[PDB]
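> I'd like to ask you about the structure that follows.
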Amino acid sequence: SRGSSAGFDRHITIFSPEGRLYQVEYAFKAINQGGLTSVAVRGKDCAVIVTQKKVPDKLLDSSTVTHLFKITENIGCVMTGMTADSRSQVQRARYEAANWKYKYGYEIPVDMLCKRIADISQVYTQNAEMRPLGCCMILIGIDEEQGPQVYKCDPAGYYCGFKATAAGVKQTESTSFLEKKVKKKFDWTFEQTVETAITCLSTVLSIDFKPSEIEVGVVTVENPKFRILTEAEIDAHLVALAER
Amino acid sequence: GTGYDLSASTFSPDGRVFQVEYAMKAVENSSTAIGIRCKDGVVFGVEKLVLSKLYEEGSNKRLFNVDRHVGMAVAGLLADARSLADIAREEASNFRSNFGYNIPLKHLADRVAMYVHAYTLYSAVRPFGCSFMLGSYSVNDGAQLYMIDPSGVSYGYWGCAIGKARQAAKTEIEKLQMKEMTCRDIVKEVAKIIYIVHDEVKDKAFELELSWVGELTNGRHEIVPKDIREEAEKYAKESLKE
Amino acid sequence: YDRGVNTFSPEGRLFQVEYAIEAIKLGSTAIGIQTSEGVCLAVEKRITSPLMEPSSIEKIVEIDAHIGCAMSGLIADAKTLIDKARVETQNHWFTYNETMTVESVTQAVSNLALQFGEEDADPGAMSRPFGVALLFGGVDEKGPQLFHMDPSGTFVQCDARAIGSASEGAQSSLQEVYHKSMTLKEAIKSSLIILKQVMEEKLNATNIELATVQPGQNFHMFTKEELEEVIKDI
Amino acid sequence: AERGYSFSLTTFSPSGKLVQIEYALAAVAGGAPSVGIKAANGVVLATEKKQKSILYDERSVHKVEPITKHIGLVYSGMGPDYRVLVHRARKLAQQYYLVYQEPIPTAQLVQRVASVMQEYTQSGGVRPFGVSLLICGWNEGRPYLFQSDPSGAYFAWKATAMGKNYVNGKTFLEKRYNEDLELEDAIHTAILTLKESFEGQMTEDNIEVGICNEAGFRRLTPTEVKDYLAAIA
Amino acid sequence: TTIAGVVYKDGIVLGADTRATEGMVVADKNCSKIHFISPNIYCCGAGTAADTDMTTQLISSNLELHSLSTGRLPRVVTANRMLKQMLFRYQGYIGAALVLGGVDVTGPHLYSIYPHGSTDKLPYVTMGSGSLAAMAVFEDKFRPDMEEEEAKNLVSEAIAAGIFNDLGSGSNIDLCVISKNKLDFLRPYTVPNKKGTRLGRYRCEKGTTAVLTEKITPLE
Amino acid sequence: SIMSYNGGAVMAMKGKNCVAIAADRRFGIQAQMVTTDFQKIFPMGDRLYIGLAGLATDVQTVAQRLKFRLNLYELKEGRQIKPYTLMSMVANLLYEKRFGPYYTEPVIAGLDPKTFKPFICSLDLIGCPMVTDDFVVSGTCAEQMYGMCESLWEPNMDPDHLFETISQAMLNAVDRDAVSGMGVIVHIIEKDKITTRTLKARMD
Amino acid sequence: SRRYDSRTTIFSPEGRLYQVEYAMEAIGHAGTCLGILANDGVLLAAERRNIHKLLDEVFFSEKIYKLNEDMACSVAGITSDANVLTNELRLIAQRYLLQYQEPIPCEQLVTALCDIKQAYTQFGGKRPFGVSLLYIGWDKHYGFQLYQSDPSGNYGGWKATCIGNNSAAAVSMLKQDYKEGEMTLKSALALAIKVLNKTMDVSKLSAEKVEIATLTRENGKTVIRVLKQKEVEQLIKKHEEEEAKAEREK
């Protein structure tokens with residue numbers, strides 16, 4: 001055993017002699033294919049997303065590349081990796097979280113939404129007719145019974161809830177940087193969380209962005225509507241990183 | 001590959017799906033098609049190769065009507081192109097029944113990507129060997145131009161090309177400005193790009209197929225009248241000598 | 001690797017069908033000659049012991065009262081086509097109230113003859129192609145006809161055809177004995193002469209089956225004393 | 001899109017093993033350790049819940065799911081496949097409660113769950129569940145503890161471990177278990193035998209403990225577990 | 001049957017009588033018309049006694065399931081939307097007539113669901129056969145946001161008026177008090193009238209009904 | 001209805017440590033009697049009887065389709081059946097056929113095996129649990145038997161005195177009905193022994 | 001796909017079914033299980049595959065399933081698949097009762113199961129059930145009967161037999177000691193213990209290594225009791241005296 005092939009265990013999703021599933025270990029290397037990184041940091045009154053926006057051309061329109069999607073009125077996400085799979089799983093997300101409201105009468109929790117999105121994904125892991133979707137969703141939203149929430153599901157299907165997270169290529173550099181700033185414990189106001197997110201992406205890529213290279217999706221307790229910040233408001237927070 | 005490419009249902013040890021990347025090459029072996037969005041419509045240019053004197057000119061099209069106010073220009077295996085064009089037609093007729101207006105192009109783009117994506121997840125099927133561009137004008141949304149590839153990805157574009165010379169023609173579109181011209185001005189520059197990127201040393205001849213859809217025709221999609229096609233080919237032979 | 005049942009060879013022809021064609025080259029030999037006075041079908045009832053009952057292994061059947069059929073190859077598959085034809089000429093007679101022309105019944109069993117589906121098909125479709133060749137030989141309104149039908153699901157009208165394991169040696173010997181003035185009595189002797197060469201058993205009044213179809217009669221299979229009556233002349 | 005594969009992927013080998021169920025067990029035995037102690041009075045289910053950082057939340061997910069108002073699960077193996085069995089069990093329980101107007105006995109709920117796991121070693125195109133379950137419950141005046149294997153069989157225990165170092169835990173329990181243990185005192189024995197396999201300091205966030213006495217299954221709140229770790233109550 | 005609900009400021013009071021009539025013959029002189037859905041949502045059933053049982057029980061089992069997964073208590077809205085879309089699917093042959101009323105973390109609610117799948121969110125409802133008898137008591141003596149004890153005495157007062165002015169009603173009055181911290185479900189509450197006493201003795205003693213055969217089967 | 005079409009009457013009456021269940025036996029096609037011995041009470045494991053009155057066809061199907069769902073529950077689980085469950089199992093077998101009902105009204109009359117607490121309940125033909133502690137009846141002599149029990153019942157009886165009462169209240173109830181009679185049978189279950197006596201009655 | 005398919009319903013070049021052959025190996029190294037017929041009853045003894053001292057043993061039995069009110073069976077093989085066939089037997093046998101209103105004859109019960117084992121071998125491309133069973137029963141056409149079924153889809157009647165490990169050595173032992181046409185239920189128990197010493201690793205056994213369940217007829221009804229640990233111990237303690245007297249031949 002121990003890292004050994006035995007039959008058709010490296011092509012379809014059956015077990016291998018040592019105990020792992022190699023068609024799923026492989027789907028994670030497809031998240032780093034996209035060459036994108038996304039941070040999401042939680043606050044005491046808001047939750048935030050910040051993403052890389054990359055337009056190779058000036059032909060490609062910059063406004064229809066986005067990775068922030070409104071799942072419902074109160075539930076934003078950010079899709080990382082194989083872009084075709086992204087839109088496919090956001091289609092299915094929207095659908096359930098709207099189906100939910102139809103069968104129970106109230107806006108879905110962000111908790112559950114991801115549960116059900118992970119539960120659809122797991123099914124692909126256990127059947128041999130298809131590969132898992134090669135993408136990684138992050139949901140944010142404000143519950144009214146426990147404050148701001150961040151969930152993040154995987155191609156295997158293991159959404160756990162977080163205080164701050166990243167996905168994509170530079171995933172290990174981000175969690176290093178974040179966890180040092182979760183042990184100090186600031187006051188995590190709205191301004192200090194938008195700050196932590198941007199400067200966590202800035203130092204792991206070493207860029208220092210113009211408002212045209214990031215897009216920030218944010219959701220607050222004063223206003224539970226999932227907003228996407230415009231390039232004017234993103235630049236106000238970027239010239240405040242220069243002062244500090 | 002050894003088992004890493006027989007199925008569409010197998011990730012590579014890289015993270016890549018060779019069966020979707022292999023479909024991309026079927027687009028590289030097909031002639032060029034370019035799309036250029038001006039500020040009051042769209043213009044489609046297809047480098048249809050004439051391979052014999054046995055084919056009726058003005059036939060074997062690659063410019064379709066997906067709906068009365070949407071163009072589609074294809075590149076790749078034509079058989080799948082005529083398969084996609086019927087799924088769209090079906091979808092955009094479907095939408096007009098249940099919602100009672102014309103289907104917005106941003107939306108039709110997504111539905112047809114969905115349907116292309118579902119063919120990269122199963123063993124029962126192979127991906128489509130076909131990329132294409134959707135182009136539509138309204139007076140309540142502007143000109144729009146999306147482009148879908150075998151992967152199932154759609155993006156917006158100001159100008160787009162697909163086919164065997166996608167690299168060369170994207171450069172010649174970036175020299176051109178477009179955010180200020182009308183249709184009447186662009187159509188000549190489309191023809192001009194096609195002549196520059198085509199090889200008459202790799203192909204016997206070619207026929208230039210042009211399409212409005214914009215303020216001129218009232219949001220309808222239509223081919224370009226024979227008169228304005230002769231002028232746009234004549235203006236392209238002169239700028240080619242220079 | 002392994003290829004399903006629907007796979008073209010780089011040649012151009014389907015693997016499975018190419019092999020169904022070789023499955024005939026193991027079978028019995030049948031020689032049908034078609035004349036102006038009727039069609040005669042002769043075949044060899046290959047026995048294997050003297051214990052075997054020679055009278056219960058026939059390979060000429062009545063499809064209707066005017067369409068005989070003689071098959072060679074895998075006789076077990078045949079019982080599915082034959083039954084479908086009898087049903088076919090009858091259905092036809094139930095609607096139009098006339099006989100089916102021999103050409104049209106050949107066509108209906110040839111559609112059935114190519115359609116098998118590893119995947120994406122019914123639960124009762126056939127997994128493989130049929131391993132038979134048939135010789136329908138009826139009489140109708142275009143006069144006597146004879147049709148050859150092969151497991152590829154194609155049919156060509158004939159004048160005189162041999163199918164089976166000794167097709168090549170019988171086919172050459174047919175081209176030298178067959179002419180358009182031939183009568184039905186001259187044809188029956190021409191059959192058993194050529195059949196007597198290619199049988200590595202022996203000609204005997206139980207080792208052949210002889211049946212005609214004539215414009216004035218129905219399908220009539222020769223008893224055992226009418227076979228003895230035409231083995232005197234050979 | 002595919003109709004599905006019909007042929008089984010579990011299949012015999014010339015020796016007589018169902019190679020796939022053999023490997024599923026090795027996935028289990030790689031998982032997070034977990035122990036069970038039936039206390040002739042109640043059952044205790046404990047399992048370790050270690051994370052890779054401080055970033056995660058511990059009140060998002062749990063490893064002690066309740067199935068009814070007196071049946072709990074824990075597991076080791078594949079957290080995805082575990083969330084599937086939990087859900088199926090709850091429908092079986094409810095389906096049962098819908099027809100007999102009693103709450104499902106625990107003997108019953110082990111056969112029913114077992115069969116589902118069994119069914120995925122004989123259907124088309126699927127692999128076995130990479131999980132083992134501990135299904136405690138307090139029915140009919142007694143306690144119960146069972147354990148369902150990816151095979152589809154089950155066994156009724158009075159103590160057991162599984163997951164990581166279950167050969168070490170199973171012999172630690174075979175020695176340190178005495179029938180007629182108190183329920184409280186079992187909790188000390190649980191966290192104790194979970195301490196051998198475990199690595200690093202214990203806290204109230206690292207272990208999930210769940211009892212099951214005639215009052216019904218429950219999780220112990222993080223506060224109660226802080227007084228069992230200390231041992232000062 | 002008479003069912004009644006009221007909303008007061010802390011919670012709900014569901015009341016119903018206990019008689020169940022099969023024909024013009026009382027079948028059960030004690031029969032709870034108050035069914036438990038969740039720990040915080042009771043529902044009362046009028047109409048065909050057999051159709052409400054198997055509708056509430058089924059919903060109870062989609063609410064018990066539903067709450068374990070969200071992992072918090074379930075809302076009243078939700079049960080209301082399940083009953084409505086189940087009943088509507090049978091276009092009225094399911095003769096359930098429901099007074100659903102629970103206390104959520106968004107306040108008490110009180111719905112009435114008529115067979116056909118119609119909902120009516122209200123502050124006080126009556127279903128049943130002497131439902132009108134009850135609705136009169138509520139039009140005089142209901143005032144918004146009353147005391148807990150003023151309510152207990154109102155709803156028993158409406159069920160009592162539905163008992164005396166109806167034939168399908170009589171016997172005990174069940175009350176259920178749902179509040180956001182307790183659940184006082186008390187099955188006897190009032191007993192307007194009891195059976196009298198047998199004035200003589202009509203029984204008889206062994207040796208009075210003729211037997212033809214008999215046989216004893218002992219067990220262990 | 002189409003359950004006066006065969007008559008029938010069943011009565012179950014709870015004592016103090018014992019439970020009695022009685023039926024009549026006349027199986028007839030409207031007016032014409034076919035036979036005078038036709039069981040309407042079936043054992044469902046010892047110390048637990050279910051009685052079924054009404055249309056003779058659904059009597060036998062319900063009794064046969066209930067033995068097939070009870071035996072399969074008493075093996076797949078080892079525990080013998082508990083009477084409060086057996087009620088809900090029957091409520092669910094009638095309601096399984098809500099539209100196009102069965103024409104029988106079960107009368108379940110048992111003692112709990114684990115203890116001995118007596119237990120009676122009837123059911124409407126579509127499946128309703130009607131648990132009392134006095135006495136339940138179903139049949140076509142419904143009205144008559146209610147009269148007789150409501151005046152002869154007493155809260156606590158010994159098992160010899162119970163048998164006098166159910167007998168008195170079944171002979172006089174079935175005598176005032178056309179389509180029932182021809183002798184009544186009476187089980188009376190105690191903790192130790194099940195007695196089965198047949199009363200001499202009208203062969204009217 | 002055909003690439004990943006493992007054809008399991010296909011002949012070998014020698015005319016065998018590979019998957020059924022391998023199923024025999026899963027039964028070959030499984031728990032022992034013998035049954036011996038008598039005139040006054042018939043009994044299944046079987047090794048308790050699992051033994052320990054943390055098991056709770058709160059079952060009727062680990063190997064003996066009761067199929068009806070007249071029939072039991074003991075399994076040997078993959079415990080997973082046992083729980084399926086023993087619950088699909090109970091369903092066949094109650095379904096025969098719902099339709100004929102009388103208990104199901106012992107022969108028929110088994111064949112109707114082995115039409116289900118047969119199917120899984122001939123089409124479907126599933127793996128076959130890797131279990132074999134013994135059946136003890138009583139009907140009114142033949143009295144007591146014992147039958148044995150293979151994962152082949154093949155059944156046979158027997159007057160004594162054995163599946164599961166060392167089945168060979170067991171059947172040889174039984175073939176000397178079994179007296180045909182004469183045999184009381186007390187001699188068959190003393191014969192059973194004598195065959196379990198020969199098959200088992202521990203040559204003294206325990207009361208905890210075996211489980212023995214007879215099926216007698218007592219007063220028209222059938223009775224199927226599993227012997228307590230006191231009864232079984234007295235059969236082991238009385239077999240140590242039969243070996244203390246067999247050591248004397250001089």
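In the structure tokens, the first chain shown is A, the next is B, and so on; residue numbers restart at 1 for each chain, and ligands run from 1 in the order shown.
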Could you build a table of the residues in stretch 37-149 of chain E lying no more than 8 Å from stretch 123-137 of chain F, giving for each the nearest pair of atoms and their separation in Å rounded to one decimal place, using only C-alpha atoms, ordered by chain and ascending residue number, as a Markdown table?


| residue | atom | partner | partner_atom | distance |
| --- | --- | --- | --- | --- |
| E:49 | CA | F:128 | CA | 6.8 |
| E:50 | CA | F:128 | CA | 4.9 |
| E:53 | CA | F:128 | CA | 7.7 |

> Quick check for you: according to DSSP on this backbone, which residues of stretch 1-230 of chain C are classed as alpha helix (DSSP H)? Reply as a PyMOL selection string.

chain C and resi 15-22+75-95+102-112+167-175+184-198+225-230

> Output C-alpha atoms of each residue in that selection to a file, as a compact mmCIF listing (two decimals), in the first residue's frame.


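Here's the written file part_30.txt:
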# COMPACT_ATOMS: atom_id res chain seq x y z
CA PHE C 15 -16.57 -4.93 -37.18
CA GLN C 16 -19.54 -6.98 -36.02
CA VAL C 17 -21.09 -7.14 -39.49
CA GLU C 18 -17.79 -8.18 -41.09
CA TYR C 19 -17.78 -11.18 -38.74
CA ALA C 20 -21.44 -12.10 -39.21
CA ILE C 21 -20.41 -12.56 -42.84
CA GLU C 22 -17.78 -15.11 -41.82
CA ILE C 75 -30.13 -21.69 -37.69
CA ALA C 76 -30.99 -20.58 -34.15
CA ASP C 77 -30.99 -16.88 -35.02
CA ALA C 78 -33.10 -17.59 -38.10
CA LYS C 79 -36.17 -18.58 -36.09
CA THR C 80 -36.51 -14.92 -35.03
CA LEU C 81 -36.47 -13.38 -38.52
CA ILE C 82 -38.67 -16.05 -40.13
CA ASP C 83 -41.33 -15.64 -37.46
CA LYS C 84 -41.21 -11.88 -37.98
CA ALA C 85 -41.81 -12.30 -41.73
CA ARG C 86 -44.83 -14.61 -41.41
CA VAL C 87 -46.20 -11.97 -39.08
CA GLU C 88 -45.23 -9.46 -41.71
CA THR C 89 -46.97 -10.99 -44.73
CA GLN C 90 -49.99 -11.57 -42.54
CA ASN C 91 -50.28 -8.05 -41.14
CA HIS C 92 -49.97 -6.94 -44.74
CA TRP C 93 -52.84 -9.21 -45.77
CA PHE C 94 -54.92 -7.98 -42.85
CA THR C 95 -54.83 -4.37 -44.06
CA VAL C 102 -41.74 -11.01 -52.50
CA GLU C 103 -39.61 -7.88 -52.80
CA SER C 104 -41.37 -6.12 -49.92
CA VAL C 105 -41.11 -8.93 -47.37
CA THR C 106 -37.37 -9.14 -48.02
CA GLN C 107 -37.20 -5.43 -47.23
CA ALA C 108 -39.04 -5.67 -43.90
CA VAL C 109 -36.78 -8.39 -42.46
CA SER C 110 -33.70 -6.47 -43.63
CA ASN C 111 -34.57 -3.46 -41.49
CA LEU C 112 -34.65 -5.76 -38.48
CA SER C 167 -20.39 -20.65 -52.06
CA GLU C 168 -17.36 -20.10 -54.29
CA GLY C 169 -17.21 -23.51 -55.95
CA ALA C 170 -20.97 -23.61 -56.45
CA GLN C 171 -21.18 -20.03 -57.74
CA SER C 172 -18.68 -20.60 -60.55
CA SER C 173 -20.47 -23.83 -61.50
CA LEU C 174 -23.75 -21.88 -61.64
CA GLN C 175 -22.47 -19.34 -64.18
CA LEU C 184 -38.20 -25.85 -63.85
CA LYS C 185 -37.42 -29.52 -64.52
CA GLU C 186 -34.01 -28.72 -66.01
CA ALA C 187 -33.33 -26.45 -63.03
CA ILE C 188 -33.97 -29.07 -60.35
CA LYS C 189 -31.39 -31.39 -61.92
CA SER C 190 -28.92 -28.52 -62.28
CA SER C 191 -29.27 -27.91 -58.53
CA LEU C 192 -28.56 -31.47 -57.37
CA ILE C 193 -25.63 -31.88 -59.79
CA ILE C 194 -23.85 -28.84 -58.35
CA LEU C 195 -24.98 -29.76 -54.84
CA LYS C 196 -23.59 -33.28 -55.31
CA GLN C 197 -20.10 -31.93 -56.01
CA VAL C 198 -19.87 -29.68 -52.94
CA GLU C 225 -40.53 -40.38 -52.97
CA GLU C 226 -40.42 -37.25 -55.14
CA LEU C 227 -36.80 -36.76 -54.07
CA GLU C 228 -36.05 -40.38 -55.00
CA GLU C 229 -37.67 -39.68 -58.38
CA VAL C 230 -35.14 -36.93 -59.20

> Would you mind listing what lies within 10 Å of residue G:195 as a PyMOL selection string, with only C-alpha atoms counted and same-chain residues fewer than 4 positions away left out?

chain G and resi 34+169-174+177+189-191+199-200

> What's the 6 Å shell around stretch 217-221 of chain C, counting only C-alpha atoms, without same-chain residues fewer than 6 positions away, as number ranges by chain?

C: 65-66, 211

> What does the structure give for the distance between atom CA of residue B:97 and atom CA of residue B:67, in Å to one decimal?

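According to the coordinates, atom CA of residue B:97 and atom CA of residue B:67 are separated by 13.5 Å.
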
> Set out as CSV a contact list for chain E and chain D with a cut-off of 9 Å, giving each residue of chain E that qualifies its closest atom pair and distance in Å to one decimal, counting only C-alpha atoms, ordered by chain and rising residue number.


residue,atom,partner,partner_atom,distance
E:54,CA,D:98,CA,8.9
E:57,CA,D:98,CA,6.9
E:58,CA,D:98,CA,6.8
E:61,CA,D:94,CA,5.9
E:62,CA,D:94,CA,8.1
E:64,CA,D:94,CA,8.1
E:65,CA,D:90,CA,6.7
E:68,CA,D:66,CA,7.5
E:69,CA,D:87,CA,8.5

> Write a file of the selected residues as a short mmCIF file (atom, residue, chain, number, x, y, z; two decimals), in the first residue's frame, keeping C-alpha atoms.


data_model
loop_
_atom_site.label_atom_id
_atom_site.label_comp_id
_atom_site.auth_asym_id
_atom_site.auth_seq_id
_atom_site.Cartn_x
_atom_site.Cartn_y
_atom_site.Cartn_z
CA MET E 54 -52.60 12.00 9.58
CA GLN E 57 -48.51 13.77 12.27
CA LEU E 58 -46.94 14.00 8.83
CA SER E 61 -42.27 14.58 11.11
CA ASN E 62 -41.12 17.14 8.55
CA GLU E 64 -38.82 17.43 13.66
CA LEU E 65 -36.53 16.51 10.77
CA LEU E 68 -32.39 18.99 13.69
CA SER E 69 -30.64 20.13 10.53
#

> Can you work out which one of C:98, C:141, C:119, C:201 has the shortest atom-to-atom distance to chain G, counting only C-alpha atoms?

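Using only C-alpha atoms, chain G sits closest to C:119.
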
> With chain A as the partner and 8 Å as the cut-off, tabulate the residues of chain E that qualify, each row holding the nearest pair of atoms and their distance in Å to one decimal, using only C-alpha atoms, sorted by chain and rising number, as a Markdown table.


| residue | atom | partner | partner_atom | distance |
| --- | --- | --- | --- | --- |
| E:70 | CA | A:112 | CA | 6.6 |
| E:77 | CA | A:105 | CA | 6.2 |
| E:78 | CA | A:104 | CA | 4.5 |
| E:79 | CA | A:104 | CA | 7.6 |
| E:81 | CA | A:104 | CA | 5.9 |
| E:82 | CA | A:103 | CA | 6.9 |
